[PDB]
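Single chain ahead, by itself, as structure tokens, in the form deposited in one PDB entry.
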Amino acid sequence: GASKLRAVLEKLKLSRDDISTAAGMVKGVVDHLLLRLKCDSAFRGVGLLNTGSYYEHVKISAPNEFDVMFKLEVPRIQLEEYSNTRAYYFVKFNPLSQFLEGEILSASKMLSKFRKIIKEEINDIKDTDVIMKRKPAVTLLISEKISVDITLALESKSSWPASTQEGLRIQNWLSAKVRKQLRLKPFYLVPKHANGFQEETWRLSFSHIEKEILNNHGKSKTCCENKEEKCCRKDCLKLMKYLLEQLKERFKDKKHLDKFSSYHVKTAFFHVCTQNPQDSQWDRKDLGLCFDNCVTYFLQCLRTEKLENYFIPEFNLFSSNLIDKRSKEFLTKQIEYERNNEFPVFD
């Protein structure tokens, strides 16, 4: 039974043109900010990253909400793992000399200059109306409709940290050949401090690898290139993403589902892909069964309080220290009700 599922997907597809026009306004403002950012010595090598839901063709439900990534190549860096977290690091070693708070690169001083240049540049541009929202680093508001979340990410062309060594288990699905090729690619560090936090740490980012894997997702190279080879991987992720967005909208005034994000859904999705490496396990005709495995796996993670980062196996996104048991039990209660009642939150 995939009828309501196929119905949702068609409706979601109709929002494509609206998302495309809105992206036009954003491309204008962003190209301008990058031209002005490149002027400062520190942000000279700044560029547009091209990762996210939109570039992975999985952008569901919000044309008035865009997330943009700004990469900045950093030359010869040394990482120091913070408090055995496996995901959070200190950036040690130059254009960024001004932001060194000891031998360590300050996330706060770095982001303040970034926010400062952006604040200075949005007043100077009169072509379109752009406002900057108060202290996903910098948030803009274009023409009073479009919100743009701007993230700064350091780029390192070094070997991936030791914590990733046993991650990205795509060998039996996408091949070891591909895994080797992917790990040769750079890695990113976004400033994330996650009583009181360490406001000088950087978290690992592999948004570019997630895009590569999603846009070349089959065991067969010709997956989704012909009628006989069409799969439902992307559709299951779109449906999982929409399921959480809809439930998070339904209970916005409650505050339980606040700690859950589309990243939890996407992570759980990649785990299901590792479990089901065959394209035959993802047949378009089996969408109902495939979406049910995704729902089922996600619920097992919520019950067992275990959702490991796809790249950092030792990092548990569903740890009791991150998300309290009552919140996971609320999300379980809601998802189970939905599955039992042919997904009323969809229509």
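The numbering used is simple: start at 1 and walk along the sequence shown. If you superpose the two forms and keep the largest set of C-alpha atoms that fall within 1.5 Å, you have the rigid core.
Only in words, not in the display: the form deposited in another entry, which the text now covers.
Asker: Kindly specify the one residue in 333, 325, 16, 11 whose Cα moves by 2 Å or more between this form and the one not shown, with superposition done on the rigid core.
Answerer: Among the listed residues, the outlier is 16.
Asker: State yes or no: after fitting on the rigid core, is the Cα displacement of residue 54 between this form and the one not shown at least 2 Å?
Answerer: Indeed, residue 54 is displaced by 2 Å or more.
Asker: At a change of 3 Å or more, would you call the C-alpha separation of residue 53 and residue 231 in the other form closer or farther than in the form supplied?
Answerer: Farther: residue 53 and residue 231 separate by 3 Å or more in the other form.
Asker: Work out the direction of the Cα-Cα change for residue 335 and residue 16 in the other form: closer or farther than in this form? It's 3 angstroms or more.
Answerer: Farther apart, which means the C-alphas of residue 335 and residue 16 are at least 3 Å more distant in the other form.
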